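Right, one structure below, let's go through it.
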Amino acid sequence: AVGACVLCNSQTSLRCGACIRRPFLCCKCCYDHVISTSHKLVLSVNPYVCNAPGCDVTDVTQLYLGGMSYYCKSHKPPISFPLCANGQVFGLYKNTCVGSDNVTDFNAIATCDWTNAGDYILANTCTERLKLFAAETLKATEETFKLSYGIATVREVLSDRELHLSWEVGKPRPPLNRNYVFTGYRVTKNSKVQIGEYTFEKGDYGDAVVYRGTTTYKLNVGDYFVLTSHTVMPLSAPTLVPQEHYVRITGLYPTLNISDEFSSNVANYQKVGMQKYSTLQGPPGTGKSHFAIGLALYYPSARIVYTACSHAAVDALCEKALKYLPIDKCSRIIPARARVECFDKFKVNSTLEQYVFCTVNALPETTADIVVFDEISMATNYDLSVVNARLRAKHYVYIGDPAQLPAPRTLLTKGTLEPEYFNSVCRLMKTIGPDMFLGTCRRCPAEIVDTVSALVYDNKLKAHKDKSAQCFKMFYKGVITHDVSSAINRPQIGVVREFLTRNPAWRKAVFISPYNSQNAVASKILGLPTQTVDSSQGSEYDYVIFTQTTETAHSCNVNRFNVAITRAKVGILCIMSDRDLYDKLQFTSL
Amino acid sequence: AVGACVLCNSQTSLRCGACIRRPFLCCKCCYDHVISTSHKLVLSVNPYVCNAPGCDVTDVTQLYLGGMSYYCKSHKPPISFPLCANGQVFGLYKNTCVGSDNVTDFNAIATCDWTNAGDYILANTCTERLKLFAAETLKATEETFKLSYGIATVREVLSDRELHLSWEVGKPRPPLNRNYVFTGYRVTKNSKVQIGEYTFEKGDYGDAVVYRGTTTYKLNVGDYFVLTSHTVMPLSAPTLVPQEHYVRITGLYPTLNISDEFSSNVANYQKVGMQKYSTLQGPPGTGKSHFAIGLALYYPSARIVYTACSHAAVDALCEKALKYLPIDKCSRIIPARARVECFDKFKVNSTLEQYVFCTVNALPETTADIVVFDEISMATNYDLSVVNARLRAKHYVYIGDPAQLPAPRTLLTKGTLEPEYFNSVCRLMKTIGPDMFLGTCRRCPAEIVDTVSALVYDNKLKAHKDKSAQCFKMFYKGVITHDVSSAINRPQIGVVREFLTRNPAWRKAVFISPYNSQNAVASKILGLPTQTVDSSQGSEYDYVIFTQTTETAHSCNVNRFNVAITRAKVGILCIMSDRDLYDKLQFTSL
Amino acid sequence: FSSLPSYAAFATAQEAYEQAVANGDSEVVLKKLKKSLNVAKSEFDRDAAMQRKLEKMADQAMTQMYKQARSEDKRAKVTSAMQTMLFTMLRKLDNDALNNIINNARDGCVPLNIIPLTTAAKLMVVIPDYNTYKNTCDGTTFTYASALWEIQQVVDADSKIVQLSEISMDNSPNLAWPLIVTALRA
Amino acid sequence: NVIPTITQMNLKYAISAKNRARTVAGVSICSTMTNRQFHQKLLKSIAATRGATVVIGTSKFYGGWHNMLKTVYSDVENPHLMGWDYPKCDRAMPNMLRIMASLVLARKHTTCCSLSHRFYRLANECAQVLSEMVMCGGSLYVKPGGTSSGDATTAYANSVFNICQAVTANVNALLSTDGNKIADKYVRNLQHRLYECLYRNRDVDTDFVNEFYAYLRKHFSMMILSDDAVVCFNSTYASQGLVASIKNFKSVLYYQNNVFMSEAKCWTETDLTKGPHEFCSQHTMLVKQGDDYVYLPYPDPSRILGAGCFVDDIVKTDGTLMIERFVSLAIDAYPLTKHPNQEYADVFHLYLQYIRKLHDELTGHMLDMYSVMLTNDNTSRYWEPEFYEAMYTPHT
RNA sequence: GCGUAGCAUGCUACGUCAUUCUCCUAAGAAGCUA
RNA sequence: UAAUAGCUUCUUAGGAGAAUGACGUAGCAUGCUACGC
Ligand SMILES: [Zn+2]
Ligand SMILES: [Zn+2]
Ligand SMILES: [Zn+2]
Ligand SMILES: [Zn+2]
Ligand SMILES: [Zn+2]
Ligand SMILES: [Zn+2]
């Protein structure tokens, strides 16, 4: 199967068998790669090996072709010649293979293991074709790394709403949330097969799990759980189509009597209909989700495709649209596997509908008028290319805040990925600035809102409110136990329950923690409704209690702190450790 | 890969490389062509370059056929024989060729650059195959002329409605109008690719152009424009099928009581059916465009193909058909790019419909029962061959008035082209006379129609109205200002503005002038709608203010002045510069 | 060929031989250079001949490697076409009636010849003449396979629509037999 | 496993003498591949063997026809040549005989396959060839049976069937005789043991089978090409009823093909010097070649003239583009020169003169489209009878 | 007589090339038969 | 839309083999001559 060279697009049929992706390479580029890097295994229509009766030589420069086969120096016939000579590698279209000096970065892209931060940043500044390859190989590295995971099974039948966990000894465990699902396997005697996938959350005490059931087929101990690895398919479309602005709105016909609710964004809406792709950013809780429905109502007779990486965001957008937009002309696209508790309120899974909601993974190849991508911060370049490929629309609308949290990026373990290099869209937004912004806020007290605006943003937020005087920030040690995959602070909750008797206000509060272990545990001794930091970002509250467990870079992340403290409205009791964080914000000392 | 010699139609395989079209020539005719003209490159199945290891000799008389191939004087084996010898040039079918001295004219056709007026008249009075070849050559010359056209670009955009233009320094600036269209470039790093089809027309104040785009793509400052170009396929069909006179109607079937409007038009349709093809000539707006629809109603079952070379006239024709012809059995074919916004009311782009309307360039290859081509004046012989080829019909009907403005013929810059040489159909119309004629005017007052009945028409037109005494001829010196390469007559503008506040019943009259510069610059000062003479054709207005910009062959064109004056309805004021023009008309005194 | 230094060695040996000959070199010297010229020429042809094998050998590799590349490129296209055909044919199945009949099977296996006869939603009857028409499917509805069908279309050999009233004994010669009549299950 | 298969019906666009449409079966590649891989060793073994009863792969040129006919005359006593015809051979074939032919062809897999493998191969053969789904104009019908003319083993299976019918005719003829009228004691004993081994014995008596096979080869020598049979039977025995005659073939066809075989389509020749009256649509004649007499096959002149006049595609009409066509036709028609009837002989001279005229006209057109005549022109040998005479000499 | 060197003639081996022929394969065009 | 198998004719490309011819290197056999013993 012939293809195109990655760094010169020239016709070729050569692949670097040593590279994980075996990308296509032309004669000149392939020679530059093999001579430069340590990769000395290259795949043409046939593998390049010594085809002797008994011999094993994989190096290409040491291989010579004889008869109709390939051999080393010790098995060649009296006739020549080297495969790797004349500055070129022997192959197809030998006389149209143009070389490029870009091999210098290609070597780093291929040879790196993504452990350090430098790879990501350099994996994002490369050209389009190299960008796609870097994304593909990074995702392949992620999947391969996931192949090394801790497998478990149910101890036995304990409760219908909660199972128990029995992991293998000598392997780690993954984080427990909605993003991470697991597959049960049925190797009993008797035909290893699947019955359903489960999502797990830490149990009450010791060992236990409060789970989510996908299929009603209940399992005995004959099955065991794995972290549902899979493969990666290749990509062709660019991360971002070229920016081509418009003069007057084309294909998008404005509405009549749009609404009195969001008439302030009309200009933005037409500007949303202006650029081929538009980038809007708004701080936590400012109606960008609201802006999406506003835009949809601005163009009523246009087919709109809502897209988001995760189920939570797309489901929230779906609910908001049901609330405002007409409910009949809706089509939520559901994965066939249904590994999540899906959203079934519309006439579900009608791909030929006007307002079509889908997640990045389950998008079917179709066409639209305008597509709105949401939460690009967690989105990766792979997602961007996938949406570019499967979907074609007259307009694109990327809405998200790089000041939010990043994608998981589990393989990254050393170095901190700064916002500018989260992905192509984040780099664009940090380079030229978002095409749109709305800086009004209505939730946080005066001192907190002013200080938060002062931390990272350019002093453009103010609260149409007066401080409720129930916001605090203390210095409690909260000795750490952390005897589980995530940190826990129980004695901090003890210090809190020393309070909460003199402050009857927040007796219906929501507990939040930067570690899901404390999130699980805090709901056990006391029945406080729980909502991890990730599960925030889309809802507003008046009584929230956030607790800090450790002191590190993950604890001083201004993005995490911002999204943590901006969710309360009138009262929040805080457990805080670091003086550095303590000197940026004003709170009562108690 | 053989063919026929153009001017003797003998079997041949030799083509003149120096000829743009590389036409087929026989040995004798090729010999005569090369020996006399600068053309000294001939293409057989193999090129006649000297096939030495290194040598470049293209002149035919300099070469020999030696060994197996063609070689020069000092590169031939000892066994040589001259190619261009014995009154011939070696080629296939050598001893079965015959030619005549008429090559003399063909020599002129090959050599002429299509700059002088004699070129066209000679090109339109040659033999039929010579006629086809001349049209091919003129079209090729026009296409090749675009290669030297200048490159524009955008300075900035203060208003999205009007672009700010910048021509490349050191190259001619093409005029701004509808006939010329541009496609863009984004050559920066980063997308040396097209960015849509646009068009231009100058802005009145300062430097600005009110523009329009087929697509919507706005230009970054880096983005720029260049005039579009499309290759040409050689035409084969004759300009006109030979005329054959039948005894009765064959293949067409009349109607029962067609209507009360076309009752006087019956013998016309009879004559159309009797003859193979027919020509209708008459002044503008006399029932010509109405005639075709009347014929269609006269032959309902007949499949009919309306064709025009332009897009504005066919749109009005489609509007008239909608007014009369059934909406169901109608169609409208637009090119893939669809440069101009065409008539979108029928089942668009349905070639297989009974009644199909199209422009010449986007015609598909199909059959029909009758093809009606309208407004022959704007079409060239190339268009005639194209329509004769693509559309195959039992009957052919041609409508258009020679006195109307001809095709652009931009290369023409010396001499004047008479109506009888616009194309073959116009030549037939003027030579023996049209097959049919009708003359009557129903729109303008009695006075200006009486005058035009003597200007170009020989006291042919009666009218149905009463002279309102609002026909005004003004005589002022009108000092010249050659500003934009099109003359601007500022003092005549002064006279206009000074007797526009003195004429309360003329506060909306459309300002008309042959030059676009004065036409545009008048907009900012007297505020009336502005319309140039060229595009003013086909539009009627209640009141008109014409202004003879300067005395010259362009502004003093009797045809242009006629089409300018014949757009008024109840009255018109005109500014005359030349004494003869002011006197031959008979207006009020002023 | 000429690229290899053997050509240059032969050329310089030949030049030296010619210079010696024109310079009247002695016989002993003349033989030495001629012998030197021969061995130089010997090497020149020796490595020249192997080139014929080389470029010859490369061409089969290209043609072979063209062919192998050509085949696989075509293999994927046909595989995709076959998969699309299979899935498109799947979507035509009447799942309800098919499941009902196949579940009644004792072993879950049924002869193919009854799969259409008990589930096909459209019946085509090809009729050669009027007598067979009248016998088999007279009227707008008829019975076949222990089921009731209703006529929805009738066409002639030319795929031209025909009205039911036109199928009469007297009008039979005017019809382009055979007739294809398409009916639906009721 | 079993793979049922669809086979298309293709109208045969070829010259013929009777208006009835001719159809062939296009078998799916999925069946052709397996049938080839299972049968081709035996098939090539048959096609590459000389002097057997099944003459396939034996060229009729280079004196092949004479060798064939001399092998037919395998020292029979009072020779009489005879040939029969099968009306609707491929469509009246009983299913049982097709299965029998497939089993006989499969008997060679005594080591490469176990029993179940052979049975499933037979099942696939039946499901794909014998009674399969047939596509006729975009419509699937069921073929009731009978051999399709498209499978891998189409000529060889029919050859086996033909031999089966001939042997059955011999058996019925030998049994149906009175028994008391057979003077020769050996034949009476042979008939007795034949009846015993048929209706009174359940395991094969290989001794008697060999004896009967020798009997048939001694008095019923055969030539078979898949449906065309030439027999050189002893006429004395046939008159006495000890070997199959035409009437025996008629009866056998009646009760094992459900068809009637009119005697008008079967020919008997009492003189060997005239050779078989017709075989593979080739009449035979004895002519003096070199210094000895040999048999030559010549076709019906009407067929050759028809192939000369009518062609199945327009481009073949030019002629000059196709000289090899007329060369091949002349090669086929050469033996007609030796025919006593002059109008027969004139066909070959017509083809020779016509080939010469095309060569001349081709050279003229070539010299018109250019001005140099082809340096190498060996076509002069194609209008000389020696080149054709060589094709019917046993040297090669 | 022996050794070295040179020239001439002849035989064998290897290398290069020219022509002719035989076959082995592959590809293409065409015909005939069942 | 155009089946399985066989036979034959022609064209082109490739490999191998053989024959003859020519040139070059090497090995061996013989003849003549120059120097030393
Ligand atoms: Zn690599
Ligand atoms: Zn490359
Ligand atoms: Zn090896
Ligand atoms: Zn020329
Ligand atoms: Zn000529
Ligand atoms: Zn030269």
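Along the chain as shown, residues are numbered 1 onward.
Heads up, header says this was done by electron microscopy, 3.6 Å.
Just so you know, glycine gets a Cβ as well, placed from its N, Cα and C.
What Swiss-Prot says about this one:
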BINDING   A:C5, A:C8, A:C26, A:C29  Zn(2+) 11 binding site
BINDING   A:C16, A:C19, A:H33, A:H39  Zn(2+) 12 binding site
BINDING   A:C50, A:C55, A:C72, A:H75  Zn(2+) 13 binding site
BINDING   A:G282, A:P283, A:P284, A:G285, A:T286, A:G287, A:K288, A:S289  ribonucleoside 5'-triphosphate binding site
DOMAIN    A:1-113  domain 'CV ZBD'
DOMAIN    A:257-438  domain '(+)RNA virus helicase ATP-binding'
REPEAT    A:228-248  repeat 'LRR 8'
Residues from the same chain, set at least six apart from the ends of the repeat 'LRR 8' (A:228-248), whose C-beta lies under 8 A from its own: 21, 128, 131-132, 135-136, 139-140, 143, 146-147, 149, 181-183, 197, 273-277, 339, 381-382, 384-386, 388-389, 396, 423-425, 428
Listed binding-site residues with Cβ under 6 Å from ligand 1, out of A:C19, A:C26, A:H75, A:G282: A:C19
Least Cβ-crowded entry, counting other Cβ within 10 Å, from the binding-site residues listed as A:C5, A:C16, A:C19, A:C55, A:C72: A:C55
Tally of DSSP helical, extended and coil residues in the repeat 'LRR 8' (A:228-248): 0 helix, 1 strand, 20 coil
Inter-residue Cα distance where the pair is A:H75 (Zn(2+) 13 binding site) and A:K288 (ribonucleoside 5'-triphosphate binding site), in Å: 68
Environment of A:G282, A:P283, A:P284, A:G285, A:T286, A:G287, A:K288, A:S289, the listed ribonucleoside 5'-triphosphate site - residues of the same chain whose CB lies within 8 A of the CB centroid: A:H290, A:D401, A:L438
Candidates A:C5, A:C16, A:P283, A:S289 (binding-site residues) - the one closest to A:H75 (Zn(2+) 13 binding site) by CA: A:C16
DSSP three-state assignment (helix, strand or coil) for A:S289 (ribonucleoside 5'-triphosphate binding site): helix
Minimum Cα separation from A:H39 (Zn(2+) 12 binding site), reported as the residue among binding-site residues A:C5, A:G282, A:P284, A:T286 that achieves it: A:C5
Other CB atoms, at most 10 A from the CB of A:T286 (ribonucleoside 5'-triphosphate binding site): 19
8 Å Cβ shell about A:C16, A:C19, A:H33, A:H39 centroid, Zn(2+) 12 site members excluded: A:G17, A:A18, A:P23, A:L25, A:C30, A:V34, A:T37, A:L41, A:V42, A:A110
Sparsest Cβ surroundings (other CB atoms within 10 Å) among the binding-site residues A:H39, A:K288: A:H39
Distance [Cα-Cα, Å, rounded] between A:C50 (Zn(2+) 13 binding site) and A:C16 (Zn(2+) 12 binding site): 17
CB-centroid shell, 8 A cutoff, Zn(2+) 11 site A:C5, A:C8, A:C26, A:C29, site residues removed: A:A4, A:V6, A:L7, A:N9, A:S10, A:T12, A:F24, A:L25, A:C27, A:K28, A:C30, A:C97, A:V98, A:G99, A:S100
Residues flanking the Zn(2+) 13 site, with Cβ no more than 8 Å from the Cβ centroid of A:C50, A:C55, A:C72, A:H75 and excluding those residues themselves: A:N51, A:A52, A:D56, A:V57, A:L63, A:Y71, A:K73, A:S74, A:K76
DSSP-assigned states of the domain 'CV ZBD' (A:1-113) in counts, ordered helix, strand, coil: 19 helix, 21 strand, 73 coil
Surrounding CB atoms that lie within 10 Å of the CB of A:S289 (ribonucleoside 5'-triphosphate binding site), all protein chains: 20
Sparsest-packed among the binding-site residues, when each Cβ's other Cβ atoms within 10 Å are tallied, from A:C26, A:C29: A:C29
